[PDB]
Structure formats: structure tokens, C-alpha cells
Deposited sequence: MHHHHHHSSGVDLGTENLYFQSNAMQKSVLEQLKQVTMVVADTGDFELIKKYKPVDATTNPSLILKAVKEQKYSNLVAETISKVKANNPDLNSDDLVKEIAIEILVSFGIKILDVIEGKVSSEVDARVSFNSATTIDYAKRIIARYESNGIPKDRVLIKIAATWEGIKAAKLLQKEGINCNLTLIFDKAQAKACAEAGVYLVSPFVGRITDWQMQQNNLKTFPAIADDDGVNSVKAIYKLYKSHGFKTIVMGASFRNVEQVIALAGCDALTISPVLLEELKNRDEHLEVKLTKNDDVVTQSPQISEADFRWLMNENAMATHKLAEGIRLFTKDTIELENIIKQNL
């Protein structure tokens, strides 16, 4: 008779995957995550058009030396931060804000973008303890995160598709990793033209998180495993007990409205090694690249919306 959402919170850190901060307080998650697709959606849906207009004015005012393209890049960061700030008002934990996906193969520019996000939060009175910087888990992203963590900036290594890939993150001292459960299962279904989801025991996305969790706990890695990007509530339920799960508002609502018993299920690499191991994983090779391309398309669309409102 307790809801599945309530029971899941007793064994796992529940995180809301959304930039629509007005939806968050219903669910009382500990943390929240945004990404370029979610920010774009929040901006396109217009509930927050005042916040957007006010952000553009402020950045223009404070940056009279920037030409058009530089001004737009700066507003795009300020927007990501303004949504994070509003999220932080309605949660007790941290918000994840993602670096521009276009710098995913450049460690130096990733480091600089990450520090810029942190500085903008600091300028707005938010200390870095409340923020995770999301970075795609290419080799360069991991190398950037290694340095950011040394400087006390916690990172959320996203677009995780392979276990070796997660192990390299942990080896770099990363705060948290996010395996993309639903996209791993999308590949599995696409491979065989499957129209129905696989049994949970045979669901590659669920199994991937299970394997990463078992590796971390047995080796004593402190990096948090946070399953992400789910296709349905059964995939979330399958991972009850995981350190953290970040869940869309639609699935959080399904978990809130479901009253059954929740069974609790869950209780060094060189660059050359990493690239070899990624190469051995056809799904991971494809999905990491695809993830960067899709987040890139959404970041470009957001820039266009900013350009239209200058």
C-alpha cells in the first residue's frame, strides 16, 4: 500500500530528470538532472518565457564587449544556470548542468566550459557543492573530469554505455556516472526488430547498470551509479536498490500512482585500453557518438531561439 515511488526512495536516491522545475516539488526528489534536450524543451514549451527574456537582458548588459556569437554562447550558459538556480530552490540536493556537447572531444575546452558554468552559479550565489557538471564520457571528457575533480568540481559523466567506460570514470575519481538504460535497450530491440520489450532478466540496459553496480561495489569505487533515460517504469523498478536513478516526470508520476510491493534487486585503464574496449562494443560506439550528435542538435536549436530573441 505505500506507492512504488515512496518505497524506491527508501533504497535509492531518486532524481528528477527535467528542466521543468515547476514539476519537481510534486515528487520530492533528492537531486535533479538537466541536459540540452530537456533545457530546449523547457524553453520551447514557454512556461518560463519571462526567465528566458530576463536572462538575455542581463547578459547583454553585463557584456558590452561581446560580438553576436560570443554573446549568444554566454546567454546559453546563463540560461542553463538560470534553470539550475530555479531547480535548486525546490530540491535539497544537487542539479546537473551539461557542458556544450560540441566540446566533447576537447579536454581543455571542456575544462574551461565546466569552470565557466561553476563561475556563473557562484556569481549568482550558488556554491559549487550544489552542482554537478555533466560531461559526455568520451576519453577527453573523462580526462577533463579527472582535473575538475582535483579542483573540487564534481562531475556527472553522462552517455555511459559500457562497463569499461564506467570503470575509467571511477578510476578518474568522478563523482557520478549515468548509464543510459533505455538507449541500450533501444539498440537491443532495433537489432532484432523487436516490437515488445525484452524480459527484464534479458534487458541489456538494465543488465548494464547491474554489471556496473556490481563492479563498483566489489572494487570499492565511491563513484555513484545513477541509471538514466528509461523507456518504461518496469526498467526503473528493475533497478531498485541502485545508488541513484534519474527519472522523467512522466515515469515519476507512474511510480507515484502504482501501489504494489517493490522488490529490491540491487544491494588501470590507459587511453589505448579505453579506446580498444569501447571499440569492442558496437552498441556503445554507436550510442556515445549518436548521443553527442543529438545533444548537439538541441544546443544549436537553443542558440537559434536565443538569436531570435536578441
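Q. Wait, which stretches of the deposited chain are just not there in the structure?
A. No coordinates exist for the deposited residues in 1-25, 293-302, so these stretches are absent from the model.
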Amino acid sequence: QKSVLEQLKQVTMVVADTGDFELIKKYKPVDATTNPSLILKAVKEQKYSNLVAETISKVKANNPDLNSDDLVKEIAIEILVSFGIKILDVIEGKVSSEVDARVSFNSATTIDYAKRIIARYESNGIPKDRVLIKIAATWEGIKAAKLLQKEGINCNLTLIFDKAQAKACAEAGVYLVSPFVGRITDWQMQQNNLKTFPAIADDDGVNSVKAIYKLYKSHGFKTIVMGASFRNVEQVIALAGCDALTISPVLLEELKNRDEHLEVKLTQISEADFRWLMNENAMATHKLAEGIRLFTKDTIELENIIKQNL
From here on, numbers count along this sequence of modelled residues.
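Note that the rigid core is defined as the largest set of C-alphas that superpose within 1.5 Å between two forms.
Q. Core fit done; bigger CA RMS in 4 other deposited structures of this protein for 89-97 or for 187-195?
A. Evaluated in 4 other deposited structures of this protein, the stretch farther from the shown form is 187-195.
Q) For the C-alpha atoms alone, is the average B factor greater in 172-180 or in 190-198, going by the entry? A) Between 172-180 and 190-198, it is 190-198 that shows the higher mean C-alpha B-factor.
Q.
Please compare 280-288 with 46-54 and say which has the higher mean C-alpha temperature factor in the record.
A. In the deposited entry, the stretch with the higher C-alpha B-factor mean is 46-54.
Q | Identity of residue with top Cα B-factor, from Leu38, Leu245, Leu266, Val250 | A | Across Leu38, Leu245, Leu266, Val250, the entry lists the biggest C-alpha B-factor for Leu266.
Q. Highest Cα B-factor in the PDB entry belongs to which of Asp204, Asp162, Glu98, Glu92?
A. Top of the list by C-alpha B-factor: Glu92.
(Q) Could you place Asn124 in the lowest, middle or highest third of its chain by Cα temperature factor, using the values in the record? (A) As the PDB entry reports it, the C-alpha B-factor of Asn124 lands in the highest third of its chain.
(Q) By the recorded C-alpha temperature factor, relative to the other modelled residues in its chain, which third is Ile87 in? (A) Its C-alpha B-factor, which the entry lists for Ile87, ranks in the middle third among residues of this chain.
Q: Would you please rank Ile300 by its C-alpha temperature factor against the other modelled residues of its chain and give the third it falls in: lowest, middle or highest?
A: According to the entry, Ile300 has a C-alpha B-factor in the chain's middle third.
Q: Going by the recorded CA B-factors, say which third of the chain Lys9 sits in, lowest, middle or highest.
A: As the PDB entry reports it, the C-alpha B-factor of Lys9 lands in the middle third of its chain.
**Q.** Among modelled residues of the same chain, the CA temperature factor third for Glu151
**A.** It belongs to the highest third of the chain when residues are ordered by C-alpha B-factor.
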